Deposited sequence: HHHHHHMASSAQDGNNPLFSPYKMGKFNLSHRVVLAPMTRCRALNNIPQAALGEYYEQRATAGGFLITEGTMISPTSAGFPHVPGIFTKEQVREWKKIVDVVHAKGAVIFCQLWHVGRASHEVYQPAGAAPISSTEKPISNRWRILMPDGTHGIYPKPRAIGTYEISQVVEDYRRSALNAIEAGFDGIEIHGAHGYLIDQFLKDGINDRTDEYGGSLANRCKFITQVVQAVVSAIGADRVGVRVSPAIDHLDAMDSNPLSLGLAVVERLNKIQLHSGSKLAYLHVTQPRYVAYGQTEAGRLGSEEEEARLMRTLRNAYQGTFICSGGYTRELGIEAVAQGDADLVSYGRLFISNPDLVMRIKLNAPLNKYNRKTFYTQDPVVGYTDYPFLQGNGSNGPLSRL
C-alpha cells in the first residue's frame, strides 16, 4: 500500500500519507476551542499521522461560520494548547489552518454588524446562501473593499496568528488561500476588480497571497507553513478566466519564496476541481500544478481509498487528505490500512454545535 510508506515533510517524519483535511465543524463555542475539539482530534490522531485543523480565525472579522475557533486571543491559545497536547500524546503532527472568509460572511458574524471585508464590493450572488447561527440561511451582503493599509494589517493578523499557533504548540500552520475566501477573492479575476497594486494583472492578484505566505514564513519558518489553493472550484462565485495560469503563477511565487528563504514550505495543498459543498481537464490541472511546484503536494477533494492509493502510486501527490470520510471514521487511517468498510457520514451534523452527536460518537471498528 503506497499510502503507508513513510514520508518526510520537512522536519516531520510522517508514518503514513493519510491526512486529516481541514474541516469547519462549528463546535468551538463562542470561537473558543472546546474540550469537544480535543476529543475529536485525539480520536483521529495516529502515530506519525498529519492532522490539519478546521479553519481558524485570525481576527474578529475573519469569521463567516458560527462557533469556529480563533487563535488571535490568549484565551484561544491556552485552550488550543490543551488540544495540541492530546494530539501530540498520540504521536501525530498537527497544523492550524488560518482562515479569513472575507466576503463569505454576514452582518451577524461581524463585530458591530459591520460589512465583511474583501478585495471588491461585489457580493456573492443569490445562488449561494450562508448558514446562520440559528440554522436558517441568510443572504451574503455587499463587502467593503479594503485599501492597502488594511491589507497590511490583515497580513499582520496572519503573522500574529502564526506565532500564536506555535505558542499553542502547533507543529505549523496552513494558509487557507482557497475556496473563494479572503485570499481567493484577491487571486481570482472573477472577483478581484481592483485597479490598484493588488488587482488588474495576474502578478497583482498574486501579491496578497505572496505577502501573507512571506510574513508567516518569516514568522515561524518556511518548513512550518503550508499553503492551500483551489485555482478551479465551484464555490462562492470564485472563478478565474484562466485557472491553470493562476495556479501556475501562485506556484512560481511559492517556489521563489522557498529559494529566497533557503527552505522548503511544508507543502502545497490543492483542491481537486470536482469537489463542491471534463475529468481529464481536472486531473490535468492537478498534475500540472504538482509537476511545477518544488516540494510536497497534498491533494484533496473527493478522494477514496482507491483514488488515494493511485494518487501516491502514480506520483500525482505525496500526501492525500480526507474530509468527509474522516468525519464519520475516526480510525480512517486504520480502516484504509486494513481496507475495512467505512462508516457513512451525516451531513446534517457537519455544522451543528453538539459536542458529541455527529462529532465524537462515530464508532471505531
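- Gaps between the deposited sequence and the modelled coordinates occur at 1-15, 293-302, 391-402, listed in sequence order.
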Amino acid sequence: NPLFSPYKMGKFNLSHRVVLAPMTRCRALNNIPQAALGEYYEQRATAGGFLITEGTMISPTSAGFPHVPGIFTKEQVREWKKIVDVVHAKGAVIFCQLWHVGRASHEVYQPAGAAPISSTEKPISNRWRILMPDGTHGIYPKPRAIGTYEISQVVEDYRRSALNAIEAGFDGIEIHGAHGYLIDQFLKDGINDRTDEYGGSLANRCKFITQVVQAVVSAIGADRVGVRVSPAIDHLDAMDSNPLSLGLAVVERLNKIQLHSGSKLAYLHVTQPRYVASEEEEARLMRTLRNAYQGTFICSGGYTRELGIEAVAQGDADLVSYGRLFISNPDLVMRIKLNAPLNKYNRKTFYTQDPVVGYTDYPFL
From here on, numbers count along this sequence of modelled residues.
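- Across the two stretches, 84-92 and 105-113, the PDB entry reports the greater mean Cα temperature factor for 84-92.
- The mean Cα B-factor in the deposited entry runs higher for 331-339 than for the other of 57-65 and 331-339.
- Among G177, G295, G262, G247, the highest C-alpha B-factor in the deposited entry belongs to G262.
- Within the selection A277, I220, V229, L187, the deposited Cα B-factor values reach their highest point at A277.
- In the PDB entry, a CA B factor belonging to the highest third of its chain's modelled residues is recorded for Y40.
- Ranked by Cα temperature factor within the chain, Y7 sits in the highest third according to the deposited record.
- Per-chain ranking of the deposited C-alpha B factor places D316 in the middle third.
- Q34 sits in the middle third of its chain by CA B factor, as recorded in the PDB entry.
- Among the modelled residues of its chain, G302 has a C-alpha B-factor that falls in the lowest third according to the deposited record.
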